[PDB]
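Remarks on the structure that follows.
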Amino acid sequence: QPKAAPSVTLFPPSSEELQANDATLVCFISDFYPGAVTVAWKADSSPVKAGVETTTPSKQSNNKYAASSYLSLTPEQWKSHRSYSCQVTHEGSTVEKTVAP
Amino acid sequence: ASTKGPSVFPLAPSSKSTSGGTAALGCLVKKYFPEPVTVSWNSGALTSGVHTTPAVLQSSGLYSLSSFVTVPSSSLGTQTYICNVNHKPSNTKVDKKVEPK
């Protein structure tokens with residue numbers, strides 16, 4: 112099967128979740144093959160590992176894989192940095208997406 | 133049996149979740165117990181471009197998952213997008229309208 116690089120979309124915390132005193136960033140990784148990816152998060156430029164959870168990649172109906180990664184923060188953590196990023200490494204490529212509060 | 137129904141938050145489409153006229157949007161299904169949760173979009177009318185990833189289990193013992201769809205950006209603000217979440221163990225269903233930012 113032909114190799115396919117992932118599409119990456121990073122979603123900031125919803126207004127609703129922030130008003131519920133929580134914050135979750137959601138990194139959606141889609142349409143990649145083969146199924147092996149590594150995900151790293153950054154707050155501004157600094158690598159972060161606390162509060163990160165990542166799904167095992169799962170085959171979709173298009174025979175490619177999709178996965179999600181989540182970064183759990185407090186609303187105060189979210190608002191205190193200039194940006195957050197999710198970096199996805201697949202087959203010699205890393206793709207990074209960045210969001211701002 | 134002990135159960136906990138999910139909290140559902142929108143992952144809103146915006147210029148920042150859109151690439152080349154295709155927008156991604158989703159719903160985040162937080163902190164439910166036990167498995168499973170199932171997700172549909174617009175009551176099963178929207179199936180093309182839908183990806184629902186496996187749940188992650190947190191140290192709290194509660195599960196979270198997310199579901200996503202990619203749609204034409206020209207549809208945003210015109211077509212209604214609703215994620216339908218079913219958590220049979222707690223006899224709960226949640227519909228969340230996902231609106232542009």
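Going line by line, the protein sequences match chains B and A. Just so we're aligned, residue 112 is where the first sequence starts under PDB author numbering, counting upward by one. Just so we're aligned, residue 133 is where the second sequence starts under PDB author numbering, counting upward by one. We put the CB at the ideal spot given by N, CA and C, even for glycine.
Considering only DSSP beta bridges, list what residue i is partnered with.
i: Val169 of chain A; result: Answer is none; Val169 of chain A lacks a bridge partner.
i: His183 of chain A; result: A:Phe200
i: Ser191 of chain A; result: Note: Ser191 of chain A sits in no beta bridge, so no partner.
i: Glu164 of chain B; result: B:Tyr181
i: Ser139 of chain A; result: A:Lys162
i: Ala151 of chain B; result: B:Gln198
If residue i sits next to residue j, beta carbons under 8 Å apart, how far is it from one beta carbon to the other, in whole angstroms?
i: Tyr195 of chain A; j: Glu167 of chain A; result: 6 Å
i: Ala147 of chain B; j: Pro158 of chain B; result: Their Cβ separation, rounded to whole angstroms, is 20 Å, which puts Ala147 of chain B and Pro158 of chain B out of contact at 8 Å.
i: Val199 of chain B; j: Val137 of chain B; result: Wrong, their Cβ atoms sit about 13 Å apart, outside the cutoff.
i: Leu143 of chain A; j: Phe122 of chain B; result: 4 Å
i: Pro168 of chain B; j: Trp189 of chain B; result: At roughly 27 Å, the Cβ-Cβ gap does not stay under 8 Å, so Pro168 of chain B and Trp189 of chain B are not in contact.
i: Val188 of chain A; j: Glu164 of chain B; result: 4 Å
i: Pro138 of chain A; j: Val217 of chain A; result: 6 Å
i: residue 101 of chain A; j: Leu178 of chain A; result: Since the first and last residues shown for chain A are 133 and 233, residue 101 of chain A lies out of range.
i: residue 127 of chain A; j: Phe200 of chain A; result: Here chain A covers residues 133 to 233 and nothing more, so residue 127 of chain A does not appear.
Under a CB-based cut-off of 7 Å, is residue i close to chain A?
i: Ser196 of chain B; result: no
i: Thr120 of chain B; result: yes
i: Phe139 of chain B; result: yes
i: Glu202 of chain B; result: no
i: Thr209 of chain B; result: no
i: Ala151 of chain B; result: no
i: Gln171 of chain B; result: yes
i: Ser191 of chain B; result: no
i: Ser180 of chain B; result: no
Does residue i come out as helix, strand or coil in the three-state DSSP assignment?
i: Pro158 of chain B; result: strand
i: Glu127 of chain B; result: helix
i: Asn216 of chain A; result: strand
i: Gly158 of chain A; result: strand
i: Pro186 of chain B; result: helix
i: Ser175 of chain A; result: helix
i: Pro117 of chain B; result: coil
i: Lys148 of chain A; result: helix
i: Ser172 of chain B; result: coil
i: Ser222 of chain A; result: helix
i: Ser204 of chain B; result: strand
Within the continuous beta strand (DSSP E) that includes residue i, where are the two ends?
i: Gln211 of chain A; result: Segment: none, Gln211 of chain A is in no beta strand (DSSP E) and carries neither H nor E.
i: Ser196 of chain B; result: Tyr195 to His201
i: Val230 of chain A; result: Note, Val230 of chain A: premise wrong, no beta strand (DSSP E); not H, not E.
i: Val137 of chain B; result: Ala134 to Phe143
Between residue i and chain B, is there a C-beta pair that is closer than 7 Å?
i: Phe165 of chain A; result: no
i: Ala177 of chain A; result: no
i: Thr185 of chain A; result: yes
i: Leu143 of chain A; result: yes
i: residue 236 of chain A; result: This structure cannot speak to residue 236 of chain A, because chain A is shown only from 133 to 233.
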